[PDB]
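Shown next, in structure tokens, is the structure this report addresses.
All ligand and atom numbering here is 1-based and tracks the order in the structure. Numbering of residues begins at 1 and proceeds along the displayed sequence. Computed from heavy atoms alone, side chains included, the values below leave out hydrogens, waters and symmetry copies.
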Amino acid sequence: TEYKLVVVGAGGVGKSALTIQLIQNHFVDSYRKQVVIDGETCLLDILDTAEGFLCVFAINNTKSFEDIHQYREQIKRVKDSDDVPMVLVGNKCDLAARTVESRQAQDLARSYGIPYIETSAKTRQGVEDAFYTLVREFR
Ligand SMILES: Nc1nc2c(ncn2[C@@H]2O[C@H](COP(=O)(O)OP(=O)(O)O)[C@@H](O)[C@H]2O)c(=O)[nH]1
């Protein structure tokens, strides 16, 4: 179950930090892990890049947010669908240096028909929520 939770974003947004937090539960390749989400026991196979896509930007990195659009166009163009499980993640919410406003990310996730989750991989704030939210978009 559950290919491939491909985690994709601009360098240094926190794709590695988020994933290892999920798998290895510590703040610092592919991973497979049996999880329970809303009662179901399923397998996450997670591709941390260097079926479902976790699209990550950093809330202090404006370029990494504007890159979101290219990732989306490349996803619609490869799955031939405007409904492929995908979640927009605003990482690094623990920082005060926010150049990307919550509303912007949300208005973008809106026009895509996809959820938006603000996260911190440093604190584990909202990490399960982001991945588990990606799985719920399959259902
Ligand atoms: N303050 C803060 N720093 C972070 C967060 N996520 C990642 N980092 C830092 O950003 C650096 C690079 O992030 P990384 O996990 O390598 O993202 P990746 O290169 O896209 O895989 C790491 O040294 C982390 O310590 C976060 O949520 N908050």
Please indicate whether any nitrogen or oxygen in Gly11 is less than 3.5 Å from any nitrogen or oxygen in ligand 1.
no
Contacts under 3.5 angstrom, residues 105-112 side chains, donor-acceptor by atom type, not counting sequence neighbours:
residue	atom	partner	partner atom	Å
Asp107	OD2	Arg103	NH1	3.2
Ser111	OG	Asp107	O	3.4
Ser111	OG	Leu108	O	2.9

Give the atoms of ligand 1, by number and element, whose distance to some non-hydrogen atom of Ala121 is under 4.0 Å.
6 (N), 26 (C), 27 (O)
Would you please classify the geometry between the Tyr116 ring and the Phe57 ring as parallel, tilted or perpendicular, with 30° and 60° separating the classes?
parallel
What atoms in ligand 1 come closer than 4.0 Å to a heavy atom of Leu95?
1 (N)
Atom CD of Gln24 with >12 non-hydrogen neighbours under 6.0 angstrom:
yes
From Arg72 atom CZ to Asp82 atom CG, the distance as rounded to the nearest 0.5 Å:
7.0 Å
Which of the atoms of ligand 1 are close to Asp94, meaning less than 4.0 Å from one of its heavy atoms?
1 (N), 2 (C), 26 (C), 27 (O), 28 (N)
Before signing off on this row, confirm whether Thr119 and ligand 1 have an N or O atom pair separated by under 3.5 Å.
no
Quick one: which of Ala10, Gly9, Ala17 has a heavy atom closest to atom 15 (O) of ligand 1?
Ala17
Okay, side chain of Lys92, backbone of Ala121: is any donor-acceptor separation there less than 3.5 Å?
no
Examine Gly12 against ligand 1 and note whether any of their N/O atoms are separated by less than 3.5 Å.
yes
Interfacing atoms of ligand 1 (cut-off 4.0 Å, heavy-atom, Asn91)
5 (C), 6 (N), 27 (O)
Any N or O of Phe27 closer than 3.5 Å to N or O of ligand 1
no
Flag yes if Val28 and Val13 sit in one hydrophobic cluster, no otherwise; membership is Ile, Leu, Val, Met, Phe, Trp, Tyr, and two members link when side-chain heavy atoms are under 4.5 Å apart.
yes
Checking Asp94 against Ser120 for the side-chain hydrogen bond (donor to acceptor under 3.5 Å, both in side chains) test, could you report, in this order, the C-alpha distance in whole Å, the side-chain angles of both residues, the deciding distance, and whether it holds?
CA-CA 6 Å; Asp94 55 279; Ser120 169; 2.5 Å; yes
Checking the N or O distance criterion of under 3.5 Å, is ligand 1 in contact with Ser16?
yes
